[PDB]
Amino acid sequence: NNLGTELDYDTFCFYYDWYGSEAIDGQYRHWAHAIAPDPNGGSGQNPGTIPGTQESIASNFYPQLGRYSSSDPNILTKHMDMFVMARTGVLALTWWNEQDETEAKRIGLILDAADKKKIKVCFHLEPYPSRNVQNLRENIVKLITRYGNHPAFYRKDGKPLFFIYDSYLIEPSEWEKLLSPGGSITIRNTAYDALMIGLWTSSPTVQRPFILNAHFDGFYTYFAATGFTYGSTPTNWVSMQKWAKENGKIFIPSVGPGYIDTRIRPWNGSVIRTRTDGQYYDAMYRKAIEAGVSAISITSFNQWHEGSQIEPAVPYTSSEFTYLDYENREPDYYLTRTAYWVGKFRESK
């Protein structure tokens, strides 16, 4: 078929599976969330918590699906249909190494639901406690062993792909042990080889040698807020892509529709980026495509705390908060606008 509706398997949408309901999970997990103290605001702050009631959730927006559970198979079905509408072929699943049966169950449910719609799943390896290259290797082996034969498990030219958040928290000399073909605990040329995509944060003078010396296969930028980092400043993307191409690296810039996290971080208003009825998203996605990259990542499907989600949101005013909403656009606008941009990206490939 040549209908302009098919999934794109070089488009990665960051997905969060940490939401709970009292009925399914015992608590409205993540809809309830601690409010962060101001890191510049002195001692003795008692910032409190967002209780995750119907009226007061840990987002500046409000989900069309309500306070859902990430373990509810019927929600997962709906999410996969939303991925199909957006044309995003890869679900990049947050992974926190919780080592509990509820995590294991949820990952299996997500893989199962994804496969029904031909969506693929890769893992976004988070900064879990004591993360290091040895336990990362062990965890990569675990994930490939457990899920590598699942039909929804993502591969690119035969290799799994992982995104590594805050990869700068680990020295390049440690990464080399895992990621150089000569490394002490290498994955290269093993059953557990993978494309390892690190987080490019700051300036080229720091990041270029980091990425080379760490032996990452590529890099992504994550932040939905333009200008938050050098890497999330889209006017740098042409030159970042040029460097990537010259050095055999895969650049996967991250684009998002906006940013706002002031329910959970009231002091963080400088990071707000307004959606302007889609114009912000359009501008960022256009910059990614113009940079001539081979793959794009989307921040986010459903990071509701940070207001970067493309998942449908609805107008809501409760006694406790007046939520933001998609304004002049319909709840599914960011899904269908994603599909538009995936088409323009494919036209460019």
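For every residue, the number given is its place in the sequence shown, counted from 1.
Return whichever of 253-261 and 71-79 has the greater mean Cα B factor according to the PDB record. The stretch with the larger mean CA B-factor is 71-79.
So which stretch wins on mean C-alpha B-factor, 125-133 or 156-164? Looking at the recorded C-alpha B-factors, 156-164 comes out higher on average.
So among 186, 247, 232, 88, who wins on Cα B-factor in the entry? Highest C-alpha B-factor among the listed residues goes to 247.
Going by the CA temperature factor in the entry, name the top one among 226, 94, 202, 221. Within the set 226, 94, 202, 221, 202 shows the top C-alpha B-factor.
Chain third (lowest, middle, highest) by recorded CA B-factor, residue given as residue 324: According to the entry, residue 324 has a C-alpha B-factor in the chain's lowest third.
Using the B-factor values recorded in the entry, state whether the Cα atom of residue 243 falls in the lowest, middle or highest third among the modelled residues of its chain. Ranked within chain, residue 243 CA B lands in the highest tercile.
Residue 267: which third of its chain by C-alpha temperature factor? Residue 267: CA B-factor falls in the highest third of its chain.
In terms of the chain's CA B-factor thirds, is residue 286 lowest, middle or highest? Its C-alpha B-factor belongs to the middle third of this chain's values.
For the chain shown, is the CA B-factor of residue 148 in the lowest, middle or highest third of its modelled residues? Residue 148: CA B-factor falls in the highest third of its chain.
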